[PDB]
Each structure stands twice: as C-alpha cells, then as structure tokens.
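Attaching a single structure in structure tokens format; questions to follow.
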Amino acid sequence: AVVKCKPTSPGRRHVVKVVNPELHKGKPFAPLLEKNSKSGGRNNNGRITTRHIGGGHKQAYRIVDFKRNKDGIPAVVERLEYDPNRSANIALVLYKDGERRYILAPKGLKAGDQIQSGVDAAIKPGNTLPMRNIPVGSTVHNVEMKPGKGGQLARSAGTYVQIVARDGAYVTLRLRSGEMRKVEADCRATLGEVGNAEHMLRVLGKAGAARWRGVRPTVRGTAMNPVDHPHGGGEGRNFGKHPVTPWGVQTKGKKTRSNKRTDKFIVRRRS
RNA sequence: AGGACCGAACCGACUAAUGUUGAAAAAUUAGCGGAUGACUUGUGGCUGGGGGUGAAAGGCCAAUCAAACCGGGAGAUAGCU
RNA sequence: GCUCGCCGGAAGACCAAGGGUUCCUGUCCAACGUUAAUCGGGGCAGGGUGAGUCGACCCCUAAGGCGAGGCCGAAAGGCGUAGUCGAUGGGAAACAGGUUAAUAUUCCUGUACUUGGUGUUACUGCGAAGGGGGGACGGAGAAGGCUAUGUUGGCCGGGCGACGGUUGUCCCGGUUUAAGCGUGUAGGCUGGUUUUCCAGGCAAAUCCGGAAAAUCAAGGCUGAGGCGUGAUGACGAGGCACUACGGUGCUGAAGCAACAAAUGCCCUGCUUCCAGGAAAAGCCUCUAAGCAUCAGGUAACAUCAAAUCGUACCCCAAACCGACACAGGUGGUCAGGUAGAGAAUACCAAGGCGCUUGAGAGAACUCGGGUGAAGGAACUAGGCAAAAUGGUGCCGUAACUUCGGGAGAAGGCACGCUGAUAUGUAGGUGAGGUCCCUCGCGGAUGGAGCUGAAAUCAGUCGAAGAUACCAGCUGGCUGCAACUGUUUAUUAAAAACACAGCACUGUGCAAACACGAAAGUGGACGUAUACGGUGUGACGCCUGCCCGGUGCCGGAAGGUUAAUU
RNA sequence: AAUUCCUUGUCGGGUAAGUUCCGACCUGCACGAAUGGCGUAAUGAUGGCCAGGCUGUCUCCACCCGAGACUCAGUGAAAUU
RNA sequence: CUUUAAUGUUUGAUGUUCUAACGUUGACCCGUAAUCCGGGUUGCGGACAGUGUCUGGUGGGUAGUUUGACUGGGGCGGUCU
C-alpha cells in the first residue's frame, strides 16, 4: 500500500512510501542473478554521454524471462520479489519440470496462482500467447515487437496495452503513450497489466532519495557561463534567447524522429 | 525511525589577532560549522587540451587555466620602448 | 648520576606506503648541525637483515588494461571475441619462552600444525575445459552470553620508618604461563530418514531441483568462552658462587578467588528497514567421453620435499611529500590508573622527551595573557574583540505552527562533607550445602560472600559545594532562501548552485540524445508510472490579458525556387 | 521594496535626539503572477534593527606575569644603492 | 501532308503486387567448450531504407575576421569632397 510518513524531521514531511508486504523478506534466487556494474553515464571512451547518472546503491541483475518460450507447461507462483533494476516487481515461478524463473508481476498475481504459456493457454492474467489467439479489445503487457526476441513494450510499473484490431499477420495496438502501433500477429504478449500502479504515487521527499537511485544533480544552464551552454550567463537572470539544448536544439517542440525506416506501423502517433 | 539533536576523532574553514624577506610560496592560536550521511577515507583504475570534469565559481586539470605543460614551426610580427 | 618539568587516545609502541644502510660498533671534527662540540641521521672503516607456517611470488578474479583471428578506419591506429593480465578482495599451515652491541613467530629450547611427492599394506568405481552446491557478502538497531583488561581481597616475600604516630584493618612488590589436541557449553540454523517417479540443470547423471508416498521425531551442521591437557616444564620477586660492579652458571617462595568489564569475540548471527546489498577459484559433490585381473581413488604407517625474493632502520617523523634537521601534510593496529557519561578534559603509569644558540638586564613599543575604582556600548561603519552564559535532577515553559516542533524556550529551586536509616539499603553477582536428573560445562533450591547506587533525615565547615580543567548568552521585530547540503584549493560560504516537488516538450526501442570520420559504446541488459532536455524550485491560496513579431508544431490553392535535361 | 531618481517621501511607533529599522498611506521615476506572484511554521557560522545581562569597547587608561626589543659572547642574512 | 482511334514498339508519372539486390542490434545450427565476427537454413521488411557524388535550405553548433579618423583627454553629438 501507500503510506504517508510523519514530519519528525525536515525530509520526512512529503516522503511517501509504497509498502507491499507481499514482497519476500529474504534473499532472492541466486542461480538467476548476475552482476550489474554501474557506469556513470560513461562509455568505452570514458566520456560522459548521458548526464545525471552516478553513485547509487549496489545492485544485482535479475534474469527475467520476457520471451516466455516454455509452452504447454504450467507454472505456479512461489513469491513476489523486489527488483531494483526496474520499476515493477517480479514473481518467482516454479515449472512442473523442476525449473524456476523470474517474470514481471501482473496486476493481481499472488503466491500459488497457476499460469501457462503457448497457444493453448488459458485467457486469464499471467498467461502468455501470441497476439494471433488473443481476443480483440483485451489488455496485455510485455508485448513482443519481433517474434522470438522477447517482450519490449509495457514493462514498467502499471503499463498496459489494449489490442484494438487485427487485420492480417499484423495486429494494431494502442500503447500507453496514445500511439497506435501495429505488430506482427505472432509476437507473444502476456495477459493483464503490470501491478505496481501505486508506484507513481510515490514521493522521494528529499535530495538524498534521488542519489540512492543513482541520479546526480541537474544544473540548469541559465547560470552556466555561456562558454558552457547557449543560455550561459548574463548580469542577473536574463535568458533572452529561445530555449535550446546544449549543442543547439530547441527542446520545446522540435520533433527529432529522424528514422524514416519503419514509418508504417505508426498510424496515430499521438496528438 | 531520522540527509534528527548535543558533542570528540575525522572532514571542513565563519570571525579575530599574529605572521606578511613569515615556522609556512595561504599557516598558527582562541573560538566556529557538519559529525549514520547528498558522509568521510586508503589502494588501484578511467575520462586529455578547444578537450576533459564541473551540486556551475569561468572553478579544477601536478604551487601555472577565458583554453595545461614540453619540444618544434621560430631569430613569429612588433609603424612601439 | 641525584632532582625539576613536559606528552601520556601521545610528543608512547608495532607496521604499510615511501625512502633505501639513516641500524650497531670503533675512530675522526676540516665542511654539514642556523652557536661550541669530545656528540651526531656528518666523514672513514668494519660488521649487521637467517623463515615449509609472517609478506610477496603462486592459485581465482572485480573495476579496468592488452588483445590471436575478427569488424572498422587515408596511414598511424581504434573497438573488441576467445583468451591473457590486473588487489585495494577470496585461497593450506606456529605458539610461548630465551638469546645478539645490532636480526628473529625467521636462530636455539620445548611443544605443534599444513599441503604435496614416493613407497608399503588393506579396501575399492576412477575420470571434465562440463552440471549442481558452497564460497557469497547491505545499512541501522537491540539486548544477552564471554574474554582481553582492571580493582580489591587472599597468599608468598621484604620492610617497621630522616619529623609527631606507625607489629597493624599498616606500607612496597609479585601473584605470569601460549599455539595445539580433547571436551563441544551459552546460544544460532534446519524437521530428518528410506523407497518410487520426472517435459528441467545445452548430453548424461547415484548429485541439484521437483512430485507422489512410507516411517520416526530426535538428526545433523555451526558455535565465543570455559574446563583438562600442553605444564614433574618454562617464566618468576629474590638469593647462593664468580662478581673487570660489564655481567654469567646454580637455586628460586606464592603463582588463587571474587567483583567489574569493553568500541573486541560468539555475530557473515538475531530483529527490522528500503536505497534491496561483487565476481571467480580453491574445497564438497555429480556424472559423460574414456580406463577396469590396470590406471586411479580411500584409510593407516613410513619417508621425502616445501624452493626463490623481502626481513636491517625511520615510518604523524630530523630518515616520506614540503628547496631546510621547515610550528605544515601523511593510511591502518595496540588503547593502562584516578575522577568522568566518554577515545573529551585534568593529573599520573609503562615508556619516551625537554623541541641545536646561551648568559644577564627588567626602558619605550609590539606580541600572548591576568586583575581593576565609579560608570556600563557613551566605543565603533557595526557590541569587531573581550567579558559573560556554561553541568545534573525537579518544577516550569509564550506568540505561532505544516501539530512534528517551537523548547535546553524563558524562569526558578536543590547540589559539598560526615553520620544514621542500612556495622553497605535498593538492586546486581552468586559459592558451599541440600533436592532432582536424559548421572552433564546439567536443573531446582540455597543464599554465604563480593559489588553497589539513588534518596530522606539530622548535623557540620567554608566568602563561595556542578567549587579546578571541561562546560549553551538569552529574548523581541524583520528581509532573503524552504530545509540537510554544495561553491570560487590561495582576499567572496552567500539572498548564488543543488534539492525533493510542479509543468512544458522530445523519445515506440536499431528510442531520442551523446562520445565517436566508422565500427561500436553509453543511454539500458532499461521500454512511456521509462529515459533525455529545459525552466521553476518544499508546502499553502493561485498563476490573469495578448500569437503582431521571433521560434516551434501543422496545412494547402497558387506564386517563387537548386542540381539535372 | 534586495526594485523609489526627486528622498532623510508623509504619518505613527521605538529613542532626550532614529538618513537605518518596524507598521501603515501610494504620487509603483523603473513590482507583478512558473526568467514565477503573495504568504509561510522550522532551519541559517546569512543581512538589518531594538532590548535584558556582561564587560577596559570607551570616558581614561593604571599595574603586574611572561616572549621579543636592550647589553655581553658565538654564528651571521636581506630588499636597496 | 491538314484528321484519330483498339493496336505494336518507345519511354514518362502514380498505384497494387512480387522477390532475387540490400537491410535484420529476429529465431535455429556450425566453425566453437565464444551474446564478437563469418558462413549456412528459415522468417520478417524490400527496391523503401541506408551509403556515395552533385545540389538548394537551415546552420554562432564551430572556426577565421572586421567593427574609420579628426577631436582643446576619450566617448556621445558634429564634421570628412
């Protein structure tokens, strides 16, 4: 649930936690773990490519199965777990053959719910089938963009896709951004919505709370000595120029989609 | 429980005096601030000059930075001393 | 050598980094030492560093580096796979005592341990560049149970007092002993055992995991410390003979208990929280391909080997970085006594120093300090500075408020010593004995003894009782910023920068964007409740009119318009 | 007003006397609503102001303890010219 | 030769479809005890994308430069034949 703390100190007035006792109070399944090194926004060249990244708490990577290629084998949920590498939570499932794996947590999954993947799977949350067999107007998540590679859409806290039509080997989708995209009619998509919806209602409350996540402070630019930014300086707060990124781009309306490759699955991009 | 309180280590450096060919090419003395955290620290590693890094001051990059240092073009040019 | 003074959570001791003979002895004083110098971290010469167990090397790896082929790139070269390097990490084994002018857990004495090689004997399913397990890990907090260590007492030994008293409840001193082996406790974790089956662990698998059954509840793992052994020993205050008063052989009494008690150990535990907490090998297992009267494997004894390099000395400093024998800077470990909440502070122990110019005088003036008549901020840009406040317990505590705070608000009272309550209370600790028992490091009871507050009452001394060091000035109005924080190393710590929060916009993933001639990488092993950019800057009530201009997002009818022809 | 030139705006408060400060007035030279507007408890080595206490800050300095200055011996600089 | 239609050949524009170039930071196998790369099978896109040359637009993102003289100091103003 969501709980609002008390103002016992400056830094706890506006803090709002998202407590979920369903999560496991113990160590996760190690066989499915893998080191995850922090970069700091730097690349092989050692230069900062993405700013506002650095520090944070150590993390271990949870190997999640977005493909769900184990068809015709039921799996029961053992326990929910906290995943720092992502917003949503995961669920450790056990397959009848003796296999254990991680998956994203749908809206109302618990410990003991049974699920199955494939074409003959049941139409209920948690199960995975290609969008060819899914009905129209339903709600799914962890959608695949190309058959066989794994889910890439609707992977966040409370994201969900709504199948609106199916013409042929393609199927139309309305993503959480309002974009009306269509994908092949064989990409595997899980039923239901990812359940952490109360995550957006969270409030960090203090600065150090953002540093734990690994986000470094953001310096605006208006007070940045124009040698370092177009906005630069000025005697006071002048800012008598158009809003502009570094390297000279608008940042307040300029569309920067320069792909021109697909331009076919896009139908009602947005607006 | 706490970017919580008082306060040593530790990290800092608000005030004053001294010193200013100083003990010291920025310190000492008396007080001062933070002191479980956006903390501090050791070792090793990475980012290289119109580039880096920067909680951003045009600050820092080996006592040197509105474009480091070394060598070279080079005996630059100097209607000025 | 006898005194004085200083540090004593260091101005002591052991190391690393670093330096690289400064270590010890003898000799010398030209130069070096901010003076002299017989002295020296100086000159000269000689000697000095002993390891199967400490450390490195070695084995395994992180970040990251190099990188066969390979991709990319005018050349140079860049990125990078398999792989190979890379500790600040993980990985087998030694303690005590004694000894040298200078080294030792390295030598000697005594007692031990570990990993390997070979052989012998007995019993046998061995094998991986593979699978699994383990290794393997956060922060905060809470007690409990122990020890290091200390205090007192007891014991042994010595002493009877430079000046009143001191054969006693007196004074001084000592009362130490390891690794290892055995016992396997406080307490922590886990339900075990056997059979059957199985879409999984790239193939297999007696191992792992899963599933269905049967049978029992006691099974196992871990685990400080203590006890015994080690130890009929060593050490040992002091003596017996030599005694160049430099020191060696021999001998050498007591060698216990109780209380207190860590920041260390049990604890990589337990509980709890969100920011959700390295990898790999060794080690334990599983088998495949293969080898089976072999080879291998297991157990016991015997035997062999464990090399190589480092080891001196300084190491908060005169030996490192600072041009100096420079009020500087430099990481980890050990952490005594009294008072104390305390690693603060004061005085001391062990131990180590008195800071490489001194003597004398006692003027102005300067520096660092103390005291002060009456007045008390009149000083001054300004209460700069200084003075003052300063602790514990009880009572008590405002406007306002986001109901948390404000607040230690303000303000006021009592604080010493002795005696009694109580020959030392409350409480803590806990022996003997007794009872019981799964006869054990047991349980119950027992309460000796040790330790020990706090308080009331009464009395008493002093000018002053939180007496010293240590140790908040307070209150009111108001601007700015919400706050904690960050910033101009070296004149600016702030109303600036950040900040959580809000909004706009971009981004559908081979994402946008960014570093890159490109490959490719980051963004992200993320997927719109996400990432990037921008402005604003908690919260509270709100955020109004204008799209002409600039820019951005869209559009059509026409006009205009490049290369090309 | 961190914004007000004329300006020490005017009134009132505090003071024996207040160009600053606080509270109102509005004639806003030249505030203004996310280059945010008006408020805001708490916080601040932050800026301004008024009090209590406290004092050598001062009226107005006096004395004293120490280190230099001064004399003797030894060693023996410096900018400048 | 004044004249136009179904044709044939010619090329031009749009649209639908296809696959063989090309793309694949999709899946499966081998080299190979390797998430590189390469080859191979298949699938999805598909003559679009993307690259090269030419070309228009945008372009302080980044460079190289300019920004007069007289002047009762200079600047502002004014002047320059």
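Below, chains carry the letters A, B, ... as their sequence lines are ordered, and counting in each starts from 1.
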side-chain N/O A:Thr222 vs C:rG535 OP1/OP2, d < 4.0 Å: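 The answer is yes; a side-chain N or O of A:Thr222 sits under 4.0 Å from OP1 or OP2.
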Closest listed nucleotide, where the reference is the side chain of A:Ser156 and the choices are C:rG535, B:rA38, C:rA530: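 The answer is C:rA530.
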Selection from B:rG2, C:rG138, C:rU534 that lies nearest to any side-chain heavy atom of A:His231: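 Of the candidates, C:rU534 comes closest.
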Pairwise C1' distance, C:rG383 and D:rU57 [rounded to whole Å]: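 Looking at atom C1' only, D:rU57 and C:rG383 are 8 Å apart.
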Charged tip of A:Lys70 within 45° of A:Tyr95 ring normal and under 6.0 Å: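 Geometry flag: set, cation within 6.0 Å and 45°.
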C:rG139 OP1/OP2 closer than 4.0 Å to side-chain N/O of A:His57: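 Answer no for this pair, as no side-chain N or O of A:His57 is under 4.0 Å from OP1 or OP2.
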Integer angstrom distance from the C1' of C:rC14 to that of C:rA350: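 Result for the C1' pair: 16 Å, nearest Å.
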Closest listed nucleotide, where the reference is the side chain of A:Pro84 and the choices are C:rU534, C:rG277, C:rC273: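 Per side-chain heavy atoms of A:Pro84, the pick is C:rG277.
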Side-chain donor/acceptor contact of A:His14 with base of C:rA538 under 3.5 Å: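 Such a pair exists between side chain and base.
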A:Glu22 CD - C:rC274 P separation (whole Å):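 Between P of C:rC274 and CD of A:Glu22: 13 Å.
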Base B:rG54 paired with A:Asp228 side chain (donor-acceptor, <3.5 Å):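 Checked by distance alone, the answer is yes.
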Whole-angstrom distance between D:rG47 and D:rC61, as gauged at atom P: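 One P to the other, the span is 32 Å.
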First of A:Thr8 and A:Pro226 reached from the 5' end of RNA chain B, by closest nucleotide: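 Nearer the 5' end of the strand: A:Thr8.
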Rounded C1' spacing from C:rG522 to C:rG540 in Å: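 It comes out at 43 Å once rounded to the nearest Å.
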Residue A:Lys35, side-chain heavy atoms: nucleotide from E:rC44, C:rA62, C:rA498 that is nearest: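 Nearest nucleotide to the side chain: C:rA62.
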Nearest listed nucleotide, side chain of A:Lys264, among B:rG54, B:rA38, E:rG45: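 So the nucleotide nearest the side chain must be E:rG45.
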Base pair C:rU418/C:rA458 (Watson-Crick or G-U, both distances under 3.5 Å):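 Paired: C:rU418 with C:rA458, WC or G-U, both distances under 3.5 Å.
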Given C:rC483, C:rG533, B:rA38, the nucleotide with the shortest approach to the side chain of A:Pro217: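 Looking only at heavy atoms from C-beta outward on A:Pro217, the closest nucleotide is B:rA38.
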Per-nucleotide pairing state of RNA chain E [Watson-Crick or G-U, under 3.5 Å; [ ] pseudoknot-crossing; | other strand]: .....................(((.((.(((.....))).)))))......................(((.......))).
Side-chain touch A:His141/A:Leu191, heavy atoms, less than 4.5 angstrom: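 No, every pair of side-chain atoms sits at 4.5 Å or beyond.
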Rounded distance (nearest 0.5 Å) linking atom CZ of A:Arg213 with atom CD1 of A:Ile53: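 Those atoms lie 15.0 Å apart.
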Phosphate OP1/OP2 of C:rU527 contacted by A:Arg155 side-chain N/O (<4.0 Å):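 Yes, such a contact exists.
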A:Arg13 side-chain proximity, nearest of C:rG404, C:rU529, C:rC525: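 Ranking C:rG404, C:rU529, C:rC525 by closest atom to the A:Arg13 side chain puts C:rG404 first.
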Interatomic distance, A:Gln250 atom CD to A:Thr256 atom OG1 [nearest 0.5 angstrom]: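 If we round to the nearest 0.5 Å, A:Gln250:CD and A:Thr256:OG1 are 12.0 Å apart.
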Residue mapping more 5' on RNA chain B - nearest nucleotide basis, A:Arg211 or A:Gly205: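 So the residue in question is A:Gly205.
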P-based separation of C:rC417 from C:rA466 [nearest Å]: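 One P to the other, the span is 11 Å.
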Summary of protein contacts for nucleotides 502-521 of chain C, nucleotide by nucleotide, where a base hit scores B, a sugar-phosphate-only hit scores S (4.0 Å, heavy atoms): --BBSBBSB-SSBBS----B
Sugar-phosphate, base or nothing in reach of A:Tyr95, heavy atoms under 4.0 Å: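 If one applies the 4.0 Å heavy-atom cut-off, A:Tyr95 turns out to touch nothing in the nucleic acid.
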Rounded distance in Å between the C1' positions of D:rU43 and C:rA388: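 The answer is 27 Å between these two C1' atoms.
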Which nucleotide in E:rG45, B:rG3, C:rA278 has an atom nearest any side-chain atom of A:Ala207: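 For A:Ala207, the side-chain atoms sit closest to B:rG3.
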Base pairing of C:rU271 with C:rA140 (Watson-Crick or G-U, both distances under 3.5 Å):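 Yes, a Watson-Crick or G-U wobble pair.
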hydrophobic_cluster_shared for A:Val15 and A:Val18, side chain cutoff 4.5 Å: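 No; tracing contacts between hydrophobic side chains, which count when under 4.5 Å, never links both residues.
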Minimum-distance nucleotide (side-chain atoms of A:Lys25 versus C:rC525, B:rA38, C:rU272):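 Closest of the options to the side chain of A:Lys25: C:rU272.
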Selected nucleotide, minimal atom distance to A:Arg100 side chain, candidates C:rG210, C:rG200, C:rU529: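 Closest nucleotide among those given: C:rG210.
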Spacing of the P atoms in B:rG22 and B:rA17 (rounded, Å):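 Approximately 22 Å lies between the P atom of B:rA17 and that of B:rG22.
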Closest approach of A:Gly55 to A:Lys38 (non-hydrogen atoms, all atoms of both residues):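 Result for this residue pair: O-CD, 3.4 Å.
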Same-atom distance (P) from C:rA262 to C:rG342, integer angstrom: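 The answer is 11 Å between these two P atoms.
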